[PDB]
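[1] As a preliminary step, the opening chains of the complex are given here in situ:
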Amino acid sequence: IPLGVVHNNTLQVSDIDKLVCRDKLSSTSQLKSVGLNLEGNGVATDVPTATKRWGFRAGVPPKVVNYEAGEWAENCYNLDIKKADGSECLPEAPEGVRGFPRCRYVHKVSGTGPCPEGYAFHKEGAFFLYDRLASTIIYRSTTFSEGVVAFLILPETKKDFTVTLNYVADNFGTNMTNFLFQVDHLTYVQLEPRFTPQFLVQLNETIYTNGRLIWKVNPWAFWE
Amino acid sequence: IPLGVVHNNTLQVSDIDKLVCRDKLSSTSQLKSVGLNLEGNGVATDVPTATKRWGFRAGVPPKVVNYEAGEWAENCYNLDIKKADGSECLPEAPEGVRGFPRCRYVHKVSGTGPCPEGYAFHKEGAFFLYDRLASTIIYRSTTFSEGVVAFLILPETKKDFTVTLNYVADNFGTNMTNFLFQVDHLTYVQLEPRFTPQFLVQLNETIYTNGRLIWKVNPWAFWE
Amino acid sequence: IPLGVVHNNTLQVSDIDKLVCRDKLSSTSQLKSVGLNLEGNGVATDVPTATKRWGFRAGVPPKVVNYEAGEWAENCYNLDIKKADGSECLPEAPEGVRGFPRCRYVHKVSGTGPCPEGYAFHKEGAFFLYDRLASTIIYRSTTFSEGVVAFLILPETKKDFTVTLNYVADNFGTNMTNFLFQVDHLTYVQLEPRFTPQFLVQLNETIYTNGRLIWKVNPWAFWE
Amino acid sequence: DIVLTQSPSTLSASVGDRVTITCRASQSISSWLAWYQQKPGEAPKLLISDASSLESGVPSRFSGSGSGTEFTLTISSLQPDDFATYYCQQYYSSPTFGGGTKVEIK
Amino acid sequence: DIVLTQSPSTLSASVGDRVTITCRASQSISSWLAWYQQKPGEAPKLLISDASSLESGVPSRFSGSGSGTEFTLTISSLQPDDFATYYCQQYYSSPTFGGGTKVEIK
Amino acid sequence: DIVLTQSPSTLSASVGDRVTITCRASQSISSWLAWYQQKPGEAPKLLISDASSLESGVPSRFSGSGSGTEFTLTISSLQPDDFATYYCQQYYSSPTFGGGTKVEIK
Amino acid sequence: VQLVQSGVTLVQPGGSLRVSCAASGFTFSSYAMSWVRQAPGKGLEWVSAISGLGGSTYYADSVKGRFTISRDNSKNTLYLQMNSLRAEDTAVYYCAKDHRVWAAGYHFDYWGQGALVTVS
Amino acid sequence: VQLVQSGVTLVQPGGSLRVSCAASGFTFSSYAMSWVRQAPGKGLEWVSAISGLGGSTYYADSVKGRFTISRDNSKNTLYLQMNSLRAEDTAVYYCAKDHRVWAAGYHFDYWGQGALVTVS
Amino acid sequence: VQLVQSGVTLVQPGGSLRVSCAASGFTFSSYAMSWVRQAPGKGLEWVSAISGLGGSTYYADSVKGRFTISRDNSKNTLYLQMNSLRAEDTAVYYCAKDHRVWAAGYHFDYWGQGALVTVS
Amino acid sequence: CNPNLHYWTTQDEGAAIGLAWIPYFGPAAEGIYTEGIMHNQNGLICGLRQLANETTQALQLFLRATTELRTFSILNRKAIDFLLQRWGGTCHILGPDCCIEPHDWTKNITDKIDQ
Amino acid sequence: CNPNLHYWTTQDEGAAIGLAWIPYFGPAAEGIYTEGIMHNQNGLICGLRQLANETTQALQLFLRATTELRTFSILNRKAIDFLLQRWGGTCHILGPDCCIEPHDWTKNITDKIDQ
């Protein structure tokens, strides 16, 4: 693996075979393992794509890693899924692992589908970030976000360096899914890709004013 | 964490930022992680206080540690507890963990109480010392003692550096507990704080002579 | 533990207290933990001896280790055993652990016996080698081989350094075992020690030609 | 981070009276509060540990109590010497202080 | 280790025709093949990523497809410029090449 | 730590007789005992491994046995050469010795 | 049980100083010590403290890195070297001890005299 | 988006050389680079490549250890020092970039000019 | 299969010495070796031994740290440097080999001659 | 890419605590943490975003060899790799591979020669 | 406090064994152990009793950050911290921070100058 080092607020990747007497490393406290969000990059972060970013396969052990720090989350994800018969789709979250502690938004989801045997991985090979742990696999009833990892030194300078939704699956993207946000058991919404959390909080509240089964609208990074 | 080092039979704590060229460290065999008893200090070591030294709380992961050496035990403790309904009070001792191997005395106990949800911790934040492992939590049907940990270097000098009782709980110290040692199902004793193991071994044997349900007496470190 | 180092294609064990400025160690990639077969030595490698190489005992934790590389296997072993009552004989293979990936031959076995309580160890204290892990204990329904471990450095030079059978137990070697290879439920063979895998593949195929319950024959390393 | 809240900053009284103080903060504490006193240019003294356990040399006229975030103090009877400055002392996480409290007559 | 297999090594044709190429290898790949072209002494260009996604500047006359081990290419209509050398490019594990393919007339 | 126990320290006999020795220790051993012999100022020899497996050059007149803590030896027939000193040899944990055993006539 | 403030001084800004506080009449190695500020015109705040034997140390945030706690359990003497000075550094600084045993504690027992350290 | 082949040369066997390939008109640090061989009389093969910032590097087996990839994202310039030469080393060597962003990729976009490096 | 005691000597107390025991007629590197004491007037005890190749070594407690086992599998020669001497050190010291293969064993096969090393 | 870095870490610094360390007189759930913010000085954070997307590959491959689930020793191992690069078992103080500063030694040496 | 130190450790020293290491020709339960006793030379053991009661705080806090259950790497990590204090990546043999003894070098240097 590489390694990057802060120095005068400019980063420097230290190629392995290369030698730098100039470096300094006085403690592990200077070292950090940091987990990053895929929200600072401007990717799609909606429930549909979140289905599309993943797949299944078996014959693969589970693989887990630990991180110290990260970045606050705009959005998050959680699942509780079975098959058509009503049989589970996923593994069980072991001990220790916990929901990602920070979530300005939560795209919690339920439903079922075929769920072919395997585990919920990422297309591009990203990670699945939990309370101070990340991995390549989903576990039921748990918060997380998609992300990556960094590895750093810091110098001895003086800097020190909520919401819930609901949905239902529909067959898990077999070229095919209808998504439906839930307000109650007699209310749902045809979900639509380009619509925000905030848009649909407004939607919740305005129908929550207006007496409450399915409806429609009948018709860009957030740091701005 | 600090670190203490033997040198000419006087200890020296090495403050972290401080530098000592004089030091020497030739192996891990010089290093040791030692677990200490709270009996060399003269604290109360009786069954009542052993209840009072603990409490419960949830929302806390379990936390475990490993030690190499320790100190022989005068007293020890073990539990097998449920609730009023007859539902368990504690977690289950996993694999690997085992009773503390040395116990001149064993204050084994049973009974039930409310047992509010959580785990059996220590008031002052001590540890719970098992076979070469310690932690902050109790497990059922297991021997241990309360203690702390040390971390040491040793030099290359040439020095190289039973009993069972029974009891019953009564509601677990809700400002309130009656304690009762057992001789058999038709014999018990109002336990009393200041009375020793040895006193009550004498008591066992003298009633064991005298035909055997509840009785009383009707009326200081051990290294001496 | 010792340590051996390659140098000009001659090995050198580095005694611990001894000092060698000449040594060099630029990475962990130079280090390897290698697991060896007991087939390069010319020992017996037949199913009977494989029973005789082992025993049971309890009061012993399980003990596991990890290795990087090894040597291709001529023969391997797997088990699925219960007691006379039809109760299991062994522990369960946990997660992660897997059959040894390479096996030119597999001496898979079933059956029952007394199976006294304990775990399947090795007489001479060898190991039990699984997918990148070894240990001292057997687990059910898993491939392995008997072996040992090495620990090495390598320099930066430019060198970079199937079959299934079946059997049945008979009481597990209580001075006593009949062994029987299986062709089908109405075919078996009095197994005999000095006969090879290949001999018995020929045997399988020739009877597989000749219409298929028990039969006999009625009458040296492999690198040659 | 955590910030005490003495309440009020000073009192006016007269000897023999019974007097109360309240002290608060931002976050909850498990009865791990302590009290102090000093005078205009004198070194302080301990009064209570845990807001319930008085100390040697302390007159029993005082009475501390509280839990969680809110914490208290009461004096049964006043004295001239007791007209000094008193203080609330967190020692939970950031062993800090707030302003303090004072006594008067007019 | 893995070795592509262009099939065939050259073609003879005539403009406007529709032409196909097949490319194979030893082991399976998950539609992570790419195509290229160059001329006798010219620097190449990208054509397709993943054997299905054409690129900017690419004429739509071309058509790539395939899966696993076998992979393909088709040209709807030919051009003189399209009579150059084309190549199959693994990028799965050992991002290697094989021989290549060529066009002619006679 | 562990300490063998030869029993007795010497014998008196006469040729052709059948003779027995017992050897004990503090803790149990899994038939991992061995025997030796030497003479007054001669280098010893191995006799038995594991207290049951004799060796090449050993006369079959001898007979070792035992288990756990107690261990034994028997000689079918005596010889003049067999009147030498014999020894019990732990090799379990502390590969130690005890006193030894001896032969006589009178 | 007697405590000793030693080195009150007016030192120009950016200066530096080593206070020492001595003690007597108790088991100084078996207790903690600290330094605590009274800025005149206002109240209190905790700065820094020590283990029973010099292993562990603790500082407040405002002066972290500036100051250097120090002790001599052989002399049973406290010390505090201090780096570059500022205005808020103008204040009294006491030496005290905790009520708990073995230096694992807070909620001080007693105080010393205080040294109105100052700048100009 | 313009690429620069610089240093084609005939150098005797066992020689050594540093090629440099420059670039322009894009975010060079935000892309990968590589070196690729055309042996005349036959086809292609991949040699070696780099991360976006010089951390990770990659080589082919045939020349592993011989050659030394190198980059200057300050100049946005590519480099390749090269050790002892042989016959198969007689070939063109291009500099190129990948289609993916942040240098995590393959399946090159464009090419340069190529330098028929040779021996005698 | 022939063994060689070499260096019997009377050396004053506190002295030091290197014994060497040679061998022949077998695969010395493929066996263990040891040193064993006969104190005259009494019986036996095990001192120390070695691996097959000089990696691992073993000592008895009574002389631990004093003595320094040593071997030369090139010469197939055994060695034992020895530090400060005492009275109990007055004894014979043999060189021997184990019955098991690859030096992983005990329960010696044969013996040498013995050297009544002594003090005065 | 975002320049902004509204980030966090864990409250496991040094001097930040009185006695709140006690297990169940402490949160363990949401009050063990630390926050923070920065802004993209010198394109730095987009640089490391690129860096991490480049890291993932070698990460998973370096990972894939073992069978172990919950890795914790990688960071140590990285540090030891650093030192073995720095310290293989032999040093050449002149051979610019060992990274020592002995140059000023000549100061005292010339002070001695002028004795 | 007790001066007396009736203590123990584990039998995992070096040369203490013949072949009893074999797994089930060995106890694994109660006969893998070691005992020992000392007496309070120089107030030493009461000193470390104080030390451990002081340790507990920073121990649990240093612990609390992770999620891992059964910690085993702390002691290594302490050693590496020691060395990084000793060896950050650069040394000043004169600057009394690197802790080398080169002083006697001047012996051979003056032996050469008198050549």
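    Good, I have the coordinates. Numbering: from 1, shown residues only, chains lettered A, B, ... in the order given.
[2] ok, and the spatially most central residue of chain A, which helix or strand is that part of?
    For chain A, the residue sitting closest to the mean C-alpha position, by CA atoms, centre = their mean, is residue A:145 at 1.7 Å. According to DSSP states H and E, residue A:145 maps onto strand A:145-153.
[3] in its sheet, what does that strand sit against?
    Using DSSP bridges, the strands paired with strand A:145-153 are strand A:4-7 (parallel), strand A:31-37 (antiparallel), strand A:127-130 (antiparallel).
[4] Can you pull the domain assignment for chain A?
    Following the assignment in automatic domain parsing, chain A carries domains at A:4-161+A:163-178, A:179-219.
[5] Pull the contacting residues for residue A:127.
    By CB atoms under 8 Å, 6 or more residues apart in numbering or on different chains, residue A:127 lies in contact with A:35, A:65, A:134, A:135, A:136, A:146, A:147, A:148, A:149. The C-beta positions use only the backbone N, C-alpha and C, and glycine is treated the same way.
[6] Most proximal residue of chain A with respect to chain H?
    residue A:2 (3.3 Å; CB to the nearest CB).
[7] Test my guess that that residue contacts residue H:55.
    Yes. Using CB atoms under 8 Å, residue A:2 is in contact with residue H:55, at 3.3 Å.
[8] Mind listing the shared neighbours of these two?
    A:13, A:14, A:15, J:51, J:54.
[9] Where does the last one sit: helix, strand or coil?
    Assigned with DSSP: H, G, I helix; E, B strand; the rest coil, residue J:54 falls in the helix class.
[10] The fourth one too?
    Secondary structure of residue J:51, reduced to three states by three-state DSSP: helix.
[11] Now it: closest residue in space, sequence neighbours ignored.
    residue A:4 (5.9 Å; CB to CB, 6 or more residues apart in numbering or on different chains).
[12] Look up the closest residue to the residue in chain J positioned nearest to chain D, ignoring the ones flanking it.
    Residue of chain J nearest chain D, by CB to the nearest CB: residue J:20 (3.8 Å). Nearest residue to residue J:20, sequence neighbours excluded (CB to CB, 6+ apart): residue D:93, at 3.8 Å.
[13] contacting residues for the one you found?
    Per CB under 8 Å, 6+ apart, neighbours of residue D:93: D:1, D:2, J:16, J:17, J:18, J:19, J:20.
[14] Specify the local secondary structure of the residue nearest the centre of chain G.
    Chain G has residue G:35 as the residue nearest its centroid, 2.5 Å off, counting by CA atoms, centre = their mean. Residue G:35 falls in the strand class when you classify it by three-state DSSP.
[15] give me the beta-bridge partners of it?
    residue G:48, residue G:95.
[16] rewinding a little: of all the contacts of residue A:127, which comes closest to chain G?
    Distance ranking of these against chain G, using CB to the nearest CB, places residue A:35 first at 26.5 Å.
[17] measure the closest one to chain K for me?
    13 Å (CB to the nearest CB, to the nearest Å).
[18] That residue contacts residue A:70, correct?
    Yes. Counting by CB under 8 Å, residue A:35 touches residue A:70, with 4.0 Å between them.
[19] Pull the most distant pair out of the contacts of residue A:127.
    Farthest pair in the contacts of residue A:127 (CB to CB) is A:65 and A:146. Separation: 14.2 Å.
[20] How much space separates residue J:84 from residue C:153?
    11 Å (CB to CB, to the nearest Å).
[21] for residue J:95, same thing?
    22 Å.
[22] higher neighbour count, the two?
    residue C:153 (21 against 8; other CB atoms under 10 Å in any protein chain shown).
[23] How is residue J:61 assigned, secondary-structure-wise?
    Assignment for residue J:61 (three-state DSSP): helix.
[24] in chain A, which helix has the most residues?
    If you go by DSSP state H, chain A has its longest helix at helix A:197-209.
[25] next one is chain L, place it on the structure:
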Amino acid sequence: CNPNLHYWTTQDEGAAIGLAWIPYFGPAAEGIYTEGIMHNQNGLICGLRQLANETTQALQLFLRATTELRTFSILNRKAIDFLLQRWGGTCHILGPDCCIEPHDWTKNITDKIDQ
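    Adding chain L to what we have so far:
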């Protein structure tokens, strides 16, 4: 004993990969591996066979102390033992225990004395 060494290892070298590292666009089961063969140059492999049969004893005893199941830190620990042998906290560049090559320093020193 066998001279022949038809062996294997794991495919966890460095530059061997394009993008096949991706978890489930990769085998994880049988295609993560590496093979190889050698022949007994200098009795070497029979030598290490002897070595391993000798290793087993001290291995299991060094193991037996802990309670931990799946050991992974032994190899590190061996390396740190090596360095502590090399580097205990103090060095004697002359005392042939620290293993530095300063001898050529005298070259520049005599270059200075001839100034």
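[26] The contacts of residue D:93 again please, this time with chain L.
    D:1, D:2, J:16, J:17, J:18, J:19, J:20.
[27] Any of the residues you listed buried? List them.
    D:2, J:16, J:17, J:18, J:19, J:20 (16 or more other CB atoms under 10 Å in any protein chain shown).
[28] Quick one: residues contacting the second one.
    Under the criterion of CB under 8 Å, 6+ apart, the contact partners of residue J:16 comprise D:93, D:94.
[29] before we move on, back to that, from the buried ones among the contacts of residue D:93, which is closest to chain I?
    The nearest one, if we look at these relative to chain I and count by CB to the nearest CB, is residue J:17, at 45.3 Å.
[30] Is chain H within reach of stretch J:27-42?
    No. Using CB under 8 Å from any CB of the partner chain, stretch J:27-42 never reaches chain H; the gap is at least 12.3 Å.
[31] Contact partners for residue A:132?
    A:66, A:67, A:68, J:10, K:65, K:66, K:67 are the contacts of residue A:132 under CB under 8 Å, 6+ apart.
[32] near chain B, from those residues?
    Okay, of those touching chain B (CB under 8 Å from any CB), that's residue K:67.
[33] Whatever residue of chain J ends up closest to chain G: neighbour count?
    Using CB to the nearest CB, the single residue of chain J nearest to chain G is residue J:15, 4.6 Å away. By the criterion of other CB under 10 Å, residue J:15 has 13 neighbours.
[34] so which helix or strand takes in it?
    With DSSP H and E as the test, residue J:15 turns up in no helix or strand.
[35] Assess the claim that it and residue G:58 are in contact.
    Yes. If you go by CB under 8 Å, residue J:15 and residue G:58 touch, sitting 4.6 Å apart.
[36] which residues are common contacts for these two?
    By CB under 8 Å, 6+ apart, the residues touching both residue J:15 and residue G:58 are residue G:48.
[37] one step back: quick check, nearest of the buried ones among the contacts of residue D:93 to residue B:212?
    For the buried ones among the contacts of residue D:93, the nearest to residue B:212 is residue J:19 (48.9 Å; CB to CB).
[38] wait, what's in contact with the closest one?
    So residue J:19 contacts D:32, D:91, D:92, D:93, G:105, G:106, J:25, K:57 (CB under 8 Å, 6+ apart).
[39] all helices of the chain, in order?
    Chain wasn't specified; assuming chain A. Going by DSSP H, chain A shows helices at A:47-52, A:197-209.
[40] Actually, chain J is the one I wanted.
    J:44-64, J:74-86, J:105-113.
[41] ok, and which of these has the densest surroundings?
    helix J:44-64 (a mean of 21; mean count of other CB atoms under 10 Å in any protein chain shown).
[42] packing partners for it?
    strand A:10-13, strand A:31-37, strand A:145-153 (3 or more CB pairs under 8 Å, 6 or more residues apart in numbering or on different chains; DSSP states H and E).
[43] any idea of the angle that helix forms with strand A:145-153?
    100 degrees (axes from the mean of the first three to the mean of the last three CA atoms, to 10 degrees).
[44] what angle do helix J:44-64 and helix J:74-86 make?
    Going by the same axes, to 10 degrees, helix J:44-64 makes 90 degrees with helix J:74-86.
[45] for helix J:44-64, the distance to its chain's centre please.
    15 Å (CA atoms, centre = their mean, to the nearest Å).
[46] Could you do stretch J:76-83 as well?
    Stretch J:76-83 sits 10 Å away from the centroid of its parent chain (CA atoms, centre = their mean).
[47] ok, it near chain C or not?
    Yes. Against chain C, stretch J:76-83 shows contacts by CB under 8 Å from any CB at J:77, J:80, J:81.
[48] and of the contacts of residue D:93, the nearest to residue E:65?
    Using CB to CB, these come closest to residue E:65 at residue J:16, 60.9 Å.
[49] re earlier: kindly indicate which of the buried ones among the contacts of residue D:93 lies nearest residue H:74.
    Nearest member of the buried ones among the contacts of residue D:93 to residue H:74, counting by CB to CB, is residue J:16, at 39.6 Å.
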